[PDB]
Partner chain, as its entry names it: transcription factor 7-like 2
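Encoded as structure tokens, the following chain is the form solved without its partner chain, with no partner shown.
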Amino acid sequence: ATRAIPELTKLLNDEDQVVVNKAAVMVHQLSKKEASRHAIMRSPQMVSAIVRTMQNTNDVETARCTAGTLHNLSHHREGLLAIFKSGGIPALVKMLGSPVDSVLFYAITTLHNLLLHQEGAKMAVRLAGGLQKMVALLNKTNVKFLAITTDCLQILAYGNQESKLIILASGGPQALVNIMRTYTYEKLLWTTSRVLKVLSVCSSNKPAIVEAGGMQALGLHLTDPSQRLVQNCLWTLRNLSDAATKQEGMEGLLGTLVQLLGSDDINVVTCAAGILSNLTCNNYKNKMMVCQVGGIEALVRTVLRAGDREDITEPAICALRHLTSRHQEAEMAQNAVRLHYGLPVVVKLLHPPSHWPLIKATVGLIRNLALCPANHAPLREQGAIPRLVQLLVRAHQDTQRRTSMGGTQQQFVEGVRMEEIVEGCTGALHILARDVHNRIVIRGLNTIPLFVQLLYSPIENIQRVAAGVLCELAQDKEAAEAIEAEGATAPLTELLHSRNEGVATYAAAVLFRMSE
């Protein structure tokens, strides 16, 4: 104990740098026994001398004896105090810029211990610039070193925007992504995924991760045995999916996500459906690729299995919406839904107790399926037309009670705007009217007045679909009569000069049929 400690304390402080060498070495050997390290801890003078010399020396051997000394010091509650109250954290952060592996290991391990058991260490490391120093070290190769560094970032970034934005500004995203491409050590991959999940919550970090290629990199590990790694990757993947639907090199990720739809785990199904929904939203190539690997079949089975679970059906129906329009394989996808017995279940999602978002998505899917003539009669035989009229009527009559002459009080119900329901339902009935039997069913429900009303609507695309469905009806003589009787001549004429030239096309088409 206090026998050689004062004299060793008085030798780390010495203007001769040789003297501080053999000092530091014998203080290192000293720090290895509980009796001899207790005392260094209880001596405030010894601790800052170690820290001060560690941080200022240029000789290497002393720099890792001191660093190793503090590392031996960090295994005790009261050794973490002494390091803390002696300004060790700023010193340890400085040594993260050292070009010697031995010192680097001691410095990052002591910091790791302080961050884990010493309160106030999170803040101190942040003030000293520890995050920037740690992100820079992520280009090292030693697997165990990376795991300690990434866990330290996990500790500092959890629920702290400043730390996440600093990691973002320091170039953390691509480094964490590159670790996921390169390594197979589970413990490092899991820790790295924990940091990426934390960063993916902050929407500012999403483009950086995506751009680095984190989608493809995290998808690499959805076959990994460790399930804590998989669901961390899946969670992060779902959080990240709305940003960038413009990514190439996604063939393997998309194929794996379709396979994961058949998972025994039900939250894996939910995440996989939500990711596929976002990845298919605007992307021509992702659509062709999901279909090519049997995505339509898997998503239809996902909907059947889901029942009334709207956390599953809503994303799965949305994914099926995207895949049945505006790509080369849309005509297949429309048929595949019917051939895998999807038409009945798609229609009852229209009825209660579905909420408006699922109903809106289902209406949009039905509109796409109606583009296939083989679906016209089966959709009719499933009762789709009267249910679409039910939703259209309820949504239109809801807009009316909010329209007056100051416009319409724009509002949302369960995240949806009723105008969207009017738009999709009349659009769905527009495509369904291409079949003669459907037209008989449509008019049979006294809908011609309802559609005539929608011509005066101030929404552009509602004029689109209202004029469009009245067109199809008019190509039957006995229809064409009933529409003139309601008073369609006047508004249709002013629609003939619409910025939406498609509106003028149907408008003239109706006028040709009525009075010839």
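Numbering follows the first chain given and starts at 1.
- In the record comparison, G407 is unmodelled in at least a third of the other entries of this protein that model the residues flanking it.
- When 333-341 is weighed against 94-102, 94-102 comes out higher, by mean CA B-factor as recorded in the entry.
- As recorded in the PDB entry, 480-488 is the stretch of 462-470 and 480-488 with the greater mean C-alpha temperature factor.
- Between the residues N160, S241, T403, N286, the entry's highest C-alpha temperature factor is the one at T403.
- For the set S200, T245, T150, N139, the PDB entry assigns the largest Cα B-factor to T245.
- When the modelled residues of the chain are ordered by C-alpha B-factor, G274 sits in the lowest third.
- Sorting the modelled residues of the chain by their CA temperature factor places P315 in the lowest third.
- Among all modelled residues in its chain, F84 ranks in the highest third by Cα B-factor.
- When all modelled residues of the chain are sorted by CA temperature factor, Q259 is found within the middle third.
- Split the chain's modelled residues into thirds by C-alpha temperature factor. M418 is in the middle one.
Another form, the form deposited with its partner chain bound, is not on view; read the next lines as being about it.
- Screening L220, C281, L343, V393 for any heavy atom within 4.5 Å of its partner chain in the bound PDB entry leaves a single hit, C281.
- Proximity to its partner chain in the bound PDB entry, defined as a heavy atom within 4.5 Å, holds among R387, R301, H112, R338 only for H112.
- Comment: 282-290 is the region of 129-137, 88-96, 282-290, 251-259 lying near its partner chain in the bound PDB entry, near meaning a non-hydrogen atom within 4.5 Å.
- Using a 4.5 angstroms threshold between heavy atoms, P353 stays clear of its partner chain in the bound PDB entry.
- Not displayed here, its partner chain is approached by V201 to within 4.5 Å at the level of heavy atoms in the bound PDB entry.
- When contacts are judged by a 4.5 Å heavy atom cut-off, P225 does not count as touching its partner chain in the bound PDB entry.
- Heavy atoms of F84 never reach within 4.5 Å of its partner chain in the bound PDB entry, leaving it off the interface.
- The rigid parts of the chain swing between this form and the one not shown, and the hinge residue from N283, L229, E314, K197 is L229.
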